[PDB]
Amino acid sequence: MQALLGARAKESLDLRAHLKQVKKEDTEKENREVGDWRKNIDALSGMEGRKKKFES
Amino acid sequence: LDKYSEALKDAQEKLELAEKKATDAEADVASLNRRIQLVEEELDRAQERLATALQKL
């Protein structure tokens, strides 16, 4: 009685699981290693006085 | 005259240095205000986005 319904359920959930597995592989390969950076700013705040360069 | 001229070059140099200190300190009052507003804006936005995230939650 229930064979076809069982088969379709198994195949459908398997397809969903396959797509999730293939995408999760890519998400899993390297995660923190594609992390962030720093980009520190000073805004010349450490100015000490005159400089060798000619702008000033 | 040399004493006033020298006292002046020194008051004046100390002034250029104090004015520079003020200029640079002010450059930083401004750079800090820019960062404060950028961060306060990111904060208000984090809070707008939080209120939104919470509303979307």
# chains A, B, ... in the order shown; residues from 1 in each chain; ligands from 1
call {"tool": "closest_atom_pairs", "arguments": {"of": "chain B", "to": "chain A", "cutoff": "9 Å", "atoms": "only C-alpha atoms", "output": "tab-separated table"}}
result
residue	atom	partner	partner_atom	distance
B:17	CA	A:49	CA	7.5
B:20	CA	A:49	CA	7.6
B:21	CA	A:47	CA	8.3
B:24	CA	A:45	CA	6.5
B:25	CA	A:45	CA	7.1
B:27	CA	A:45	CA	7.3
B:28	CA	A:45	CA	5.6
B:31	CA	A:43	CA	6.1
B:32	CA	A:43	CA	8.5
call {"tool": "select_by_dssp", "arguments": {"residues": "chain A", "states": "helix (DSSP H, G or I)", "output": "number ranges by chain"}}
result
A: 3-29, 32-34
call {"tool": "write_last_selection", "arguments": {"atoms": "C-alpha atoms", "output": "CSV table (one decimal), in the first residue's frame"}}
result
chain,number,residue,atom,x,y,z
A,3,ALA,CA,5.5,1.8,-1.1
A,4,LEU,CA,5.3,4.6,-3.6
A,5,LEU,CA,4.7,7.2,-0.9
A,6,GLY,CA,7.7,6.0,1.1
A,7,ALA,CA,9.9,6.0,-2.1
A,8,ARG,CA,8.9,9.6,-3.0
A,9,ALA,CA,9.5,10.8,0.6
A,10,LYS,CA,12.9,9.2,0.7
A,11,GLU,CA,13.9,10.6,-2.7
A,12,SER,CA,12.7,14.1,-1.9
A,13,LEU,CA,14.3,14.4,1.4
A,14,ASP,CA,17.5,12.9,-0.1
A,15,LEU,CA,17.5,15.7,-2.8
A,16,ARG,CA,17.1,18.3,-0.2
A,17,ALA,CA,19.9,16.8,1.9
A,18,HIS,CA,22.2,16.6,-1.1
A,19,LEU,CA,21.7,20.2,-1.9
A,20,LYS,CA,22.3,21.2,1.7
A,21,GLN,CA,25.4,18.9,1.8
A,22,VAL,CA,26.9,20.4,-1.4
A,23,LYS,CA,26.4,24.0,-0.2
A,24,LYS,CA,27.6,23.2,3.3
A,25,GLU,CA,30.8,21.7,2.0
A,26,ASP,CA,31.6,25.1,0.4
A,27,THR,CA,30.6,27.0,3.5
A,28,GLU,CA,32.7,24.6,5.7
A,29,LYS,CA,36.0,24.5,3.7
A,32,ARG,CA,37.5,31.9,10.0
A,33,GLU,CA,40.4,31.9,7.5
A,34,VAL,CA,38.3,34.1,5.3
call {"tool": "atom_distance", "arguments": {"atom1": "atom CA of residue 37 of chain A", "atom2": "atom CA of residue 53 of chain B"}}
result
25.3 Å
call {"tool": "atom_distance", "arguments": {"atom1": "atom CA of residue 35 of chain B", "atom2": "atom CA of residue 40 of chain A"}}
result
11.9 Å
call {"tool": "atom_distance", "arguments": {"atom1": "atom CA of residue 38 of chain B", "atom2": "atom CA of residue 39 of chain A"}}
result
14.7 Å
